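What follows is a single structure, written as structure tokens, with notes after it.
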Amino acid sequence: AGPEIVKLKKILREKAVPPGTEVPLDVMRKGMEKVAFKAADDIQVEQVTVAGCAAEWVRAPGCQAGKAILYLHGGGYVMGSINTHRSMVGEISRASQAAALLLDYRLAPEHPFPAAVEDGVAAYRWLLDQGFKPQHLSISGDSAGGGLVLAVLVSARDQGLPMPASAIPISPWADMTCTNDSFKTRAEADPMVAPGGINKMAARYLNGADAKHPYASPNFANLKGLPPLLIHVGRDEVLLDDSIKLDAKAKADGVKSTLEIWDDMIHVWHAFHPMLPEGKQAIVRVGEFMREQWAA
């Protein structure tokens with residue numbers, strides 16, 4: 001365990017709201033906005049609207065034209081924005097030498113499931129209509145967003161849309177039931193995800209829907225036909241099992257899956273690239289995989 005992660009964890013426990021205090025939604029939304037890292041200043045951005053949603057093209061230096069990433073931000077389906085994730089995605093644009101489409105998709109409780117999936121699907125269609133070829137596209141996302149990646153692939157496949165070349169769920173939340181062993185097993189090492197907190201998110205997102213609906217919980221979906229997967233998860237997360245079981249569902253279903261559990265790492269440790277060498281290296285690796293998959 002590197003000095004940085006030990007140090008990062010301490011800072012995160014030191015900053016945390018105590019277990020089971022109820023922070024109002026707009027207070028968590030604002031809080032996530034003010035603590036967001038600034039994107040590197042060589043990251044260029046262009047505002048666009050896509051299927052009725054604000055979005056940014058986020059382009060590091062080195063981007064190949066013709067290539068793109070549909071990116072789906074985490075935030076539990078209830079928070080997050082172009083602004084919270086502009087930084088990390090900037091770096092995924094850097095490492096993959098592809099511009100990223102960063103979608104500000106509809107959030108719960110104002111727009112419950114399946115609103116975010118419709119937005120992801122429509123943003124994918126949009127990319128195909130701009131004339132990006134499927135073989136030149138990738139879909140990536142973190143946390144809730146990594147679940148959405150899968151839900152988007154499934155829903156798009158059901159609708160006859162072709163699959164993109166690769167998909168990269170980062171710390172995906174792929175099972176709304178939150179029943180997995182790692183909610184107990186990895187709970188002390190996870191400075192990052194309380195439940196009750198994660199359960200309220202689900203409740204606000206599903207708003208009465210089946211928690212085992214394939215598009216809400218793709219760990220229950222039929223994954224057959226999806227393109228190659230890189231799944232990143234941290235060993236020190238409450239969501240370990242979502243990612244182990246995802247990789248198993250995918251393998252069972254015919255999908256080329258590569259799951260990497262990065263020891264000592266926390267939820268979306270990528271987001272902490274500025275101060276965390278592993279955050280940086282994991283991002284380099286998402287980039288490398290998108291590019292391997294495109295060179296194939």
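Naming scheme: A, B, ... for chains in displayed order of the structure tokens; residues 1 onward per chain; ligands 1 onward as shown.
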
Contacts of stretch 100-105 of chain A within 9 Å, only C-alpha atoms, excl. fewer than 5 positions in-chain, as JSON, numbers by chain: {"A": [49, 50, 52, 53, 54, 55, 56, 57, 58, 59, 60, 67, 68, 69, 70, 71, 72, 73, 80, 81, 82, 85, 86, 89, 90, 92, 93, 115, 116, 117, 118, 119, 120, 123, 127]}

Write the residues you've just listed into a file as a compact mmCIF listing (two decimals), in the first residue's frame, and include N, CA, C and O atoms for each of them.
# COMPACT_ATOMS: atom_id res chain seq x y z
N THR A 49 -25.73 20.07 -27.05
CA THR A 49 -26.87 19.32 -26.50
C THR A 49 -27.10 18.06 -27.36
O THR A 49 -27.01 18.07 -28.62
N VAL A 50 -27.39 16.98 -26.65
CA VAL A 50 -27.51 15.64 -27.17
C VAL A 50 -28.81 15.01 -26.61
O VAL A 50 -29.01 14.93 -25.36
N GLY A 52 -31.71 16.10 -26.02
CA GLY A 52 -32.34 16.94 -24.99
C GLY A 52 -31.57 17.21 -23.70
O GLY A 52 -32.15 17.72 -22.76
N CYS A 53 -30.29 16.85 -23.63
CA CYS A 53 -29.50 16.97 -22.41
C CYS A 53 -28.30 17.87 -22.69
O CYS A 53 -27.69 17.78 -23.76
N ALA A 54 -27.92 18.71 -21.73
CA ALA A 54 -26.63 19.38 -21.86
C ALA A 54 -25.49 18.31 -21.90
O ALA A 54 -25.64 17.22 -21.32
N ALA A 55 -24.42 18.57 -22.64
CA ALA A 55 -23.25 17.65 -22.67
C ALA A 55 -22.03 18.43 -23.08
O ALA A 55 -22.16 19.51 -23.59
N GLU A 56 -20.85 17.90 -22.83
CA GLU A 56 -19.61 18.52 -23.32
C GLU A 56 -18.86 17.46 -24.08
O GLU A 56 -18.83 16.27 -23.69
N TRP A 57 -18.31 17.89 -25.22
CA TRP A 57 -17.16 17.23 -25.83
C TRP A 57 -15.97 17.66 -25.01
O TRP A 57 -15.76 18.87 -24.80
N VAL A 58 -15.21 16.67 -24.54
CA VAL A 58 -14.09 16.88 -23.66
C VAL A 58 -12.94 16.28 -24.41
O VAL A 58 -12.93 15.06 -24.58
N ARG A 59 -11.98 17.11 -24.83
CA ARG A 59 -10.87 16.69 -25.70
C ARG A 59 -9.55 17.02 -25.07
O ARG A 59 -9.12 18.22 -25.08
N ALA A 60 -8.83 15.99 -24.58
CA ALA A 60 -7.40 16.21 -24.25
C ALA A 60 -6.55 16.54 -25.48
O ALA A 60 -7.04 16.39 -26.60
N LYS A 67 -12.87 9.04 -33.52
CA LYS A 67 -13.05 8.17 -32.38
C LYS A 67 -13.74 8.95 -31.25
O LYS A 67 -13.64 10.19 -31.24
N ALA A 68 -14.54 8.26 -30.41
CA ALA A 68 -15.28 8.91 -29.27
C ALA A 68 -15.64 7.96 -28.15
O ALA A 68 -15.77 6.74 -28.39
N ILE A 69 -15.84 8.53 -26.96
CA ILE A 69 -16.27 7.79 -25.75
C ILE A 69 -17.58 8.41 -25.30
O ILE A 69 -17.63 9.63 -25.15
N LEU A 70 -18.65 7.63 -25.25
CA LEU A 70 -19.81 8.05 -24.53
C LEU A 70 -19.50 7.88 -23.02
O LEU A 70 -19.31 6.77 -22.57
N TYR A 71 -19.41 8.97 -22.26
CA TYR A 71 -19.09 8.82 -20.82
C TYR A 71 -20.25 9.08 -19.86
O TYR A 71 -20.92 10.13 -19.96
N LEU A 72 -20.45 8.15 -18.93
CA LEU A 72 -21.59 8.17 -17.95
C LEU A 72 -21.16 8.32 -16.53
O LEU A 72 -20.65 7.35 -15.93
N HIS A 73 -21.41 9.51 -15.99
CA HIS A 73 -20.82 9.87 -14.73
C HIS A 73 -21.51 9.17 -13.50
O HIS A 73 -22.71 8.83 -13.52
N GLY A 80 -23.96 14.28 -9.28
CA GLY A 80 -22.96 14.27 -10.37
C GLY A 80 -23.39 15.19 -11.52
O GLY A 80 -24.56 15.58 -11.62
N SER A 81 -22.46 15.54 -12.39
CA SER A 81 -22.72 16.49 -13.46
C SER A 81 -21.50 16.53 -14.38
O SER A 81 -20.43 15.93 -14.09
N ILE A 82 -21.64 17.23 -15.49
CA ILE A 82 -20.51 17.45 -16.35
C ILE A 82 -19.34 18.01 -15.53
O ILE A 82 -18.19 17.56 -15.67
N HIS A 85 -17.25 15.61 -13.09
CA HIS A 85 -16.47 14.51 -13.68
C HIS A 85 -15.55 14.99 -14.85
O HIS A 85 -14.84 14.16 -15.48
N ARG A 86 -15.56 16.31 -15.12
CA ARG A 86 -14.85 16.89 -16.30
C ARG A 86 -13.39 16.55 -16.22
O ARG A 86 -12.80 16.20 -17.24
N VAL A 89 -12.40 12.59 -16.72
CA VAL A 89 -12.74 12.22 -18.09
C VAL A 89 -11.76 12.88 -19.05
O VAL A 89 -11.39 12.34 -20.07
N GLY A 90 -11.35 14.08 -18.69
CA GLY A 90 -10.28 14.73 -19.37
C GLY A 90 -9.11 13.82 -19.48
O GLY A 90 -8.50 13.73 -20.54
N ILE A 92 -9.07 10.52 -19.21
CA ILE A 92 -9.44 9.32 -19.96
C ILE A 92 -9.39 9.72 -21.43
O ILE A 92 -8.97 8.94 -22.27
N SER A 93 -9.77 10.95 -21.74
CA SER A 93 -9.54 11.44 -23.10
C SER A 93 -8.02 11.43 -23.41
O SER A 93 -7.60 10.82 -24.40
N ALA A 115 -35.24 6.80 -16.84
CA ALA A 115 -34.83 8.04 -17.50
C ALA A 115 -33.35 8.14 -17.94
O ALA A 115 -33.02 8.53 -19.11
N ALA A 116 -32.45 7.77 -17.03
CA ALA A 116 -31.01 7.81 -17.34
C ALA A 116 -30.57 6.80 -18.47
O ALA A 116 -29.59 7.02 -19.20
N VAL A 117 -31.28 5.68 -18.57
CA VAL A 117 -31.01 4.68 -19.58
C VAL A 117 -31.48 5.25 -20.93
O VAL A 117 -30.73 5.21 -21.96
N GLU A 118 -32.69 5.81 -20.95
CA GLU A 118 -33.15 6.45 -22.18
C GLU A 118 -32.18 7.49 -22.67
O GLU A 118 -31.92 7.57 -23.88
N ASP A 119 -31.61 8.25 -21.76
CA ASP A 119 -30.69 9.30 -22.14
C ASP A 119 -29.38 8.70 -22.71
O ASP A 119 -28.88 9.14 -23.78
N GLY A 120 -28.87 7.66 -22.03
CA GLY A 120 -27.67 6.96 -22.49
C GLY A 120 -27.89 6.31 -23.82
O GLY A 120 -27.08 6.47 -24.75
N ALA A 123 -28.11 9.11 -26.42
CA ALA A 123 -26.81 9.69 -26.67
C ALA A 123 -25.97 8.77 -27.56
O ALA A 123 -25.24 9.29 -28.45
N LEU A 127 -24.53 9.75 -31.36
CA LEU A 127 -23.22 9.42 -31.89
C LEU A 127 -23.24 8.63 -33.20
O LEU A 127 -22.52 8.96 -34.15

Can I get the residues of stretch 93-205 of chain A within 12 Å of stretch 21-40 of chain A, each with the closest pair of atoms and their distance in Å to one decimal, using only C-alpha atoms, sorted chain first then ascending number, as a Markdown table?
| residue | atom | partner | partner_atom | distance |
| --- | --- | --- | --- | --- |
| A:93 | CA | A:39 | CA | 11.4 |
| A:94 | CA | A:40 | CA | 10.3 |
| A:107 | CA | A:29 | CA | 11.0 |
| A:108 | CA | A:25 | CA | 10.2 |
| A:109 | CA | A:25 | CA | 9.4 |
| A:110 | CA | A:25 | CA | 11.5 |
| A:194 | CA | A:21 | CA | 10.3 |
| A:195 | CA | A:21 | CA | 11.2 |
| A:196 | CA | A:22 | CA | 9.0 |
| A:197 | CA | A:22 | CA | 8.0 |
| A:198 | CA | A:22 | CA | 11.7 |
| A:200 | CA | A:22 | CA | 9.8 |
| A:201 | CA | A:25 | CA | 9.8 |
| A:204 | CA | A:25 | CA | 10.4 |

Could you turn the residues from that selection into a file that holds N, CA, C and O atoms, as a PDB file, in the first residue's frame?
ATOM      1  N   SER A  93      -9.773  10.953 -21.743  1.00  0.00           N
ATOM      2  CA  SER A  93      -9.539  11.440 -23.100  1.00  0.00           C
ATOM      3  C   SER A  93      -8.024  11.426 -23.411  1.00  0.00           C
ATOM      4  O   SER A  93      -7.595  10.817 -24.397  1.00  0.00           O
ATOM      5  N   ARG A  94      -7.203  11.983 -22.519  1.00  0.00           N
ATOM      6  CA  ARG A  94      -5.754  11.945 -22.700  1.00  0.00           C
ATOM      7  C   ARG A  94      -5.241  10.509 -23.035  1.00  0.00           C
ATOM      8  O   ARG A  94      -4.627  10.323 -24.092  1.00  0.00           O
ATOM      9  N   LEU A 107     -31.419  13.053 -13.848  1.00  0.00           N
ATOM     10  CA  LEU A 107     -31.168  12.488 -12.509  1.00  0.00           C
ATOM     11  C   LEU A 107     -32.463  12.284 -11.650  1.00  0.00           C
ATOM     12  O   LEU A 107     -33.395  13.059 -11.760  1.00  0.00           O
ATOM     13  N   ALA A 108     -32.496  11.232 -10.824  1.00  0.00           N
ATOM     14  CA  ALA A 108     -33.536  11.047  -9.800  1.00  0.00           C
ATOM     15  C   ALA A 108     -33.272  11.958  -8.555  1.00  0.00           C
ATOM     16  O   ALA A 108     -32.135  12.444  -8.370  1.00  0.00           O
ATOM     17  N   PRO A 109     -34.301  12.191  -7.711  1.00  0.00           N
ATOM     18  CA  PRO A 109     -35.729  11.758  -7.860  1.00  0.00           C
ATOM     19  C   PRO A 109     -36.653  12.525  -8.869  1.00  0.00           C
ATOM     20  O   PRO A 109     -37.826  12.159  -8.997  1.00  0.00           O
ATOM     21  N   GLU A 110     -36.166  13.552  -9.564  1.00  0.00           N
ATOM     22  CA  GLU A 110     -37.028  14.303 -10.524  1.00  0.00           C
ATOM     23  C   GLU A 110     -37.318  13.451 -11.789  1.00  0.00           C
ATOM     24  O   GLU A 110     -38.405  13.499 -12.363  1.00  0.00           O
ATOM     25  N   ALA A 194     -21.013   4.665   2.444  1.00  0.00           N
ATOM     26  CA  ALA A 194     -21.887   4.117   3.459  1.00  0.00           C
ATOM     27  C   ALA A 194     -23.117   3.558   2.797  1.00  0.00           C
ATOM     28  O   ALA A 194     -23.471   4.012   1.769  1.00  0.00           O
ATOM     29  N   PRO A 195     -23.764   2.569   3.375  1.00  0.00           N
ATOM     30  CA  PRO A 195     -25.133   2.211   2.972  1.00  0.00           C
ATOM     31  C   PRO A 195     -26.209   2.757   3.886  1.00  0.00           C
ATOM     32  O   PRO A 195     -25.923   3.339   4.881  1.00  0.00           O
ATOM     33  N   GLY A 196     -27.459   2.606   3.550  1.00  0.00           N
ATOM     34  CA  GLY A 196     -28.373   3.598   4.038  1.00  0.00           C
ATOM     35  C   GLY A 196     -28.253   4.738   3.096  1.00  0.00           C
ATOM     36  O   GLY A 196     -29.223   5.131   2.531  1.00  0.00           O
ATOM     37  N   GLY A 197     -27.043   5.242   2.923  1.00  0.00           N
ATOM     38  CA  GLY A 197     -26.721   6.202   1.849  1.00  0.00           C
ATOM     39  C   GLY A 197     -26.897   5.588   0.474  1.00  0.00           C
ATOM     40  O   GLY A 197     -27.570   6.159  -0.380  1.00  0.00           O
ATOM     41  N   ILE A 198     -26.358   4.388   0.262  1.00  0.00           N
ATOM     42  CA  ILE A 198     -26.460   3.792  -1.069  1.00  0.00           C
ATOM     43  C   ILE A 198     -27.881   3.249  -1.287  1.00  0.00           C
ATOM     44  O   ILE A 198     -28.380   3.215  -2.411  1.00  0.00           O
ATOM     45  N   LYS A 200     -30.692   4.651  -0.147  1.00  0.00           N
ATOM     46  CA  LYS A 200     -31.605   5.784  -0.355  1.00  0.00           C
ATOM     47  C   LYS A 200     -31.551   6.187  -1.848  1.00  0.00           C
ATOM     48  O   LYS A 200     -32.580   6.487  -2.485  1.00  0.00           O
ATOM     49  N   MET A 201     -30.335   6.196  -2.383  1.00  0.00           N
ATOM     50  CA  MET A 201     -30.116   6.391  -3.796  1.00  0.00           C
ATOM     51  C   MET A 201     -30.951   5.439  -4.630  1.00  0.00           C
ATOM     52  O   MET A 201     -31.753   5.892  -5.428  1.00  0.00           O
ATOM     53  N   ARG A 204     -34.651   6.305  -4.316  1.00  0.00           N
ATOM     54  CA  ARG A 204     -34.936   7.483  -5.162  1.00  0.00           C
ATOM     55  C   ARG A 204     -34.831   7.207  -6.678  1.00  0.00           C
ATOM     56  O   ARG A 204     -35.520   7.840  -7.497  1.00  0.00           O
TER      57      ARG A 204
END

DSSP strand (DSSP E or B) residues within stretch 21-255 of chain A, listed as a PyMOL selection string: chain A and resi 44-50+53-59+68-72+99-103+137-142+166-170+229-234

Give me a file of those residues, with N, CA and C atoms, as a compact mmCIF listing (two decimals), in the first residue's frame.
# COMPACT_ATOMS: atom_id res chain seq x y z
N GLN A 44 -9.63 20.76 -23.62
CA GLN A 44 -10.51 21.67 -24.32
C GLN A 44 -11.89 21.13 -24.18
N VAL A 45 -12.87 22.00 -24.14
CA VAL A 45 -14.22 21.58 -23.94
C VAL A 45 -15.15 22.36 -24.91
N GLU A 46 -16.20 21.70 -25.42
CA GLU A 46 -17.26 22.31 -26.25
C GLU A 46 -18.68 21.86 -25.83
N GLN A 47 -19.53 22.83 -25.48
CA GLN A 47 -20.85 22.50 -24.97
C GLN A 47 -21.75 22.19 -26.13
N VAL A 48 -22.60 21.18 -25.95
CA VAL A 48 -23.43 20.67 -27.02
C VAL A 48 -24.64 20.17 -26.32
N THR A 49 -25.73 20.07 -27.05
CA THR A 49 -26.87 19.32 -26.50
C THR A 49 -27.10 18.06 -27.36
N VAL A 50 -27.39 16.98 -26.65
CA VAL A 50 -27.51 15.64 -27.17
C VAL A 50 -28.81 15.01 -26.61
N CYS A 53 -30.29 16.85 -23.63
CA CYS A 53 -29.50 16.97 -22.41
C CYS A 53 -28.30 17.87 -22.69
N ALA A 54 -27.92 18.71 -21.73
CA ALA A 54 -26.63 19.38 -21.86
C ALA A 54 -25.49 18.31 -21.90
N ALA A 55 -24.42 18.57 -22.64
CA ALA A 55 -23.25 17.65 -22.67
C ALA A 55 -22.03 18.43 -23.08
N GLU A 56 -20.85 17.90 -22.83
CA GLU A 56 -19.61 18.52 -23.32
C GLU A 56 -18.86 17.46 -24.08
N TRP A 57 -18.31 17.89 -25.22
CA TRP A 57 -17.16 17.23 -25.83
C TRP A 57 -15.97 17.66 -25.01
N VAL A 58 -15.21 16.67 -24.54
CA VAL A 58 -14.09 16.88 -23.66
C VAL A 58 -12.94 16.28 -24.41
N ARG A 59 -11.98 17.11 -24.83
CA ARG A 59 -10.87 16.69 -25.70
C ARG A 59 -9.55 17.02 -25.07
N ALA A 68 -14.54 8.26 -30.41
CA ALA A 68 -15.28 8.91 -29.27
C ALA A 68 -15.64 7.96 -28.15
N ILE A 69 -15.84 8.53 -26.96
CA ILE A 69 -16.27 7.79 -25.75
C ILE A 69 -17.58 8.41 -25.30
N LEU A 70 -18.65 7.63 -25.25
CA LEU A 70 -19.81 8.05 -24.53
C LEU A 70 -19.50 7.88 -23.02
N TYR A 71 -19.41 8.97 -22.26
CA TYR A 71 -19.09 8.82 -20.82
C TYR A 71 -20.25 9.08 -19.86
N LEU A 72 -20.45 8.15 -18.93
CA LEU A 72 -21.59 8.17 -17.95
C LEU A 72 -21.16 8.32 -16.53
N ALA A 99 -11.70 11.77 -28.03
CA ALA A 99 -12.52 12.77 -27.36
C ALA A 99 -13.65 12.08 -26.61
N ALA A 100 -14.08 12.63 -25.46
CA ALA A 100 -15.18 12.03 -24.69
C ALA A 100 -16.43 12.89 -24.75
N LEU A 101 -17.59 12.28 -25.01
CA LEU A 101 -18.87 12.93 -24.87
C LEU A 101 -19.39 12.74 -23.40
N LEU A 102 -19.41 13.82 -22.63
CA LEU A 102 -19.73 13.72 -21.24
C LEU A 102 -21.17 14.21 -21.01
N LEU A 103 -22.08 13.27 -20.85
CA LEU A 103 -23.52 13.55 -20.85
C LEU A 103 -24.07 13.97 -19.47
N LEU A 137 -16.19 3.68 -31.45
CA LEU A 137 -16.82 4.14 -30.25
C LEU A 137 -16.51 3.22 -29.06
N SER A 138 -16.60 3.81 -27.87
CA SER A 138 -16.50 3.15 -26.58
C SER A 138 -17.45 3.78 -25.56
N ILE A 139 -17.85 3.02 -24.57
CA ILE A 139 -18.76 3.54 -23.53
C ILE A 139 -18.06 3.23 -22.21
N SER A 140 -17.95 4.25 -21.38
CA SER A 140 -17.31 4.15 -20.09
C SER A 140 -18.10 4.97 -19.00
N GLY A 141 -17.97 4.55 -17.74
CA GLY A 141 -18.69 5.16 -16.64
C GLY A 141 -18.27 4.61 -15.30
N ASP A 142 -18.54 5.41 -14.27
CA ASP A 142 -18.07 5.14 -12.94
C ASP A 142 -19.23 5.00 -11.93
N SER A 166 -15.83 -1.46 -27.35
CA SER A 166 -15.39 -1.75 -26.00
C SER A 166 -16.29 -1.05 -24.98
N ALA A 167 -16.27 -1.57 -23.75
CA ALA A 167 -17.00 -0.89 -22.69
C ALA A 167 -16.19 -1.01 -21.40
N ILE A 168 -16.09 0.10 -20.68
CA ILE A 168 -15.29 0.17 -19.46
C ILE A 168 -16.06 0.73 -18.25
N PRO A 169 -16.71 -0.17 -17.51
CA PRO A 169 -17.24 0.14 -16.18
C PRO A 169 -16.18 0.29 -15.13
N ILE A 170 -16.15 1.48 -14.52
CA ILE A 170 -15.27 1.75 -13.41
C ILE A 170 -16.04 1.67 -12.06
N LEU A 229 -15.11 -6.05 -22.41
CA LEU A 229 -15.25 -5.28 -21.18
C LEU A 229 -13.94 -5.15 -20.45
N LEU A 230 -13.58 -3.95 -20.04
CA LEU A 230 -12.56 -3.83 -18.97
C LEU A 230 -13.37 -3.46 -17.77
N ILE A 231 -13.37 -4.27 -16.73
CA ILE A 231 -13.96 -3.82 -15.44
C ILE A 231 -12.88 -3.50 -14.40
N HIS A 232 -12.90 -2.26 -13.92
CA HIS A 232 -12.04 -1.81 -12.81
C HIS A 232 -12.87 -1.75 -11.47
N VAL A 233 -12.32 -2.31 -10.39
CA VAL A 233 -12.86 -2.14 -9.11
C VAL A 233 -11.74 -2.12 -8.13
N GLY A 234 -12.00 -1.66 -6.90
CA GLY A 234 -10.98 -1.55 -5.88
C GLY A 234 -11.15 -2.72 -4.97

Nearest to residue A:248, chosen from A:263, A:279, A:143, A:219, with only C-alpha atoms counted in the distances: A:219

Pick from A:287, A:164, A:145, A:3, whichever lies nearest to residue A:268 using only C-alpha atoms: A:145

Atom-to-atom span, atom CA of residue A:4 and atom CA of residue A:264, Å: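 Computed distance, atom CA of residue A:4 to atom CA of residue A:264, equals 10.8 Å.
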
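With only C-alpha atoms as the atoms that count, the minimum distance from residue A:225 to the choices A:175, A:253, A:288, A:181 is reached by A:253.
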
Selection: 9 Å around residue A:121, only C-alpha atoms, excl. self and same-chain fewer than 6 positions, as a ChimeraX atom specification: /A:151-153,155-156

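Shell of residue A:205 at 9 Å, with only C-alpha atoms counted and residues fewer than 2 places along the chain excluded, is residues 76, 77, 78, 107, 108, 109, 111, 112, 113, 114, 200, 201, 202, 203, 207, 208, 209 and 216 of chain A.
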
How would the residues just picked look written out with N, CA and C atoms as a short mmCIF file (atom, residue, chain, number, x, y, z; two decimals), in the first residue's frame?
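File written: again09.cif
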data_model
loop_
_atom_site.label_atom_id
_atom_site.label_comp_id
_atom_site.auth_asym_id
_atom_site.auth_seq_id
_atom_site.Cartn_x
_atom_site.Cartn_y
_atom_site.Cartn_z
N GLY A 76 -24.61 8.08 -8.05
CA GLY A 76 -25.80 7.32 -7.55
C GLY A 76 -27.11 7.44 -8.34
N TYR A 77 -27.05 7.98 -9.55
CA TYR A 77 -28.28 8.30 -10.30
C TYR A 77 -29.06 9.51 -9.74
N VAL A 78 -28.48 10.21 -8.80
CA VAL A 78 -29.11 11.31 -8.09
C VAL A 78 -28.28 12.59 -8.02
N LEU A 107 -31.42 13.05 -13.85
CA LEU A 107 -31.17 12.49 -12.51
C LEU A 107 -32.46 12.28 -11.65
N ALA A 108 -32.50 11.23 -10.82
CA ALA A 108 -33.54 11.05 -9.80
C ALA A 108 -33.27 11.96 -8.55
N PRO A 109 -34.30 12.19 -7.71
CA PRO A 109 -35.73 11.76 -7.86
C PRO A 109 -36.65 12.52 -8.87
N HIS A 111 -36.33 12.69 -12.22
CA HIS A 111 -36.48 11.82 -13.39
C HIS A 111 -36.03 10.38 -12.97
N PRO A 112 -36.91 9.56 -12.44
CA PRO A 112 -36.50 8.24 -12.03
C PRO A 112 -36.21 7.29 -13.13
N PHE A 113 -35.74 6.11 -12.79
CA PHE A 113 -35.54 5.07 -13.74
C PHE A 113 -36.88 4.90 -14.51
N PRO A 114 -36.82 4.69 -15.86
CA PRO A 114 -35.60 4.42 -16.63
C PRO A 114 -35.01 5.61 -17.35
N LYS A 200 -30.69 4.65 -0.15
CA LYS A 200 -31.60 5.78 -0.35
C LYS A 200 -31.55 6.19 -1.85
N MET A 201 -30.33 6.20 -2.38
CA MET A 201 -30.12 6.39 -3.80
C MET A 201 -30.95 5.44 -4.63
N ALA A 202 -30.78 4.14 -4.42
CA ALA A 202 -31.59 3.14 -5.09
C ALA A 202 -33.08 3.49 -5.00
N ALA A 203 -33.52 3.81 -3.77
CA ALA A 203 -34.94 4.03 -3.54
C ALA A 203 -35.38 5.19 -4.40
N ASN A 207 -37.79 4.31 -7.51
CA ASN A 207 -39.11 4.90 -7.29
C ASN A 207 -40.28 3.86 -7.47
N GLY A 208 -40.07 2.65 -6.93
CA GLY A 208 -41.08 1.59 -7.03
C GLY A 208 -40.82 0.54 -8.08
N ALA A 209 -39.92 0.82 -9.01
CA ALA A 209 -39.52 -0.22 -9.99
C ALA A 209 -38.86 -1.51 -9.34
N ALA A 216 -31.92 -1.55 -14.62
CA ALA A 216 -31.55 -0.91 -13.37
C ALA A 216 -30.41 -1.67 -12.75
#

Those in stretch 143-243 of chain A with alpha helix (DSSP H) from DSSP, as number ranges by chain: A: 144-158, 182-185, 197-206, 240-243

Selection near residue A:244, 10 Å with only C-alpha atoms, sequence-local residues under 2 positions removed, as a ChimeraX atom specification: /A:231,233,239-242,246-249,259-261

Closest of A:193, A:16, A:150, A:161 to residue A:222 - atom-to-atom distances counting only C-alpha atoms: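 For residue A:222, the nearest of the given residues is A:150.
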
Atomic distance atom CA of residue A:74 - atom CA of residue A:280, expressed in Å with one decimal: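 Atom-to-atom, atom CA of residue A:74 to atom CA of residue A:280, that is 18.2 Å.
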
Contacts of stretch 5-10 of chain A at 8 Å (only C-alpha atoms; same-chain gap of 5+ positions) as an MDAnalysis selection string: chainID A and resid 191 264:265 276

Selected residues written out, C-alpha atoms, as a compact mmCIF listing (two decimals), in the first residue's frame:
# COMPACT_ATOMS: atom_id res chain seq x y z
CA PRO A 191 -13.95 5.11 3.44
CA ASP A 264 -5.80 -1.27 -1.57
CA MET A 265 -7.91 0.89 -3.86
CA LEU A 276 -2.77 9.30 -6.37

Length of the atom CA of residue A:292 to atom CA of residue A:132 vector [Å]: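 Result for atom CA of residue A:292 versus atom CA of residue A:132: 18.1 Å, one decimal.
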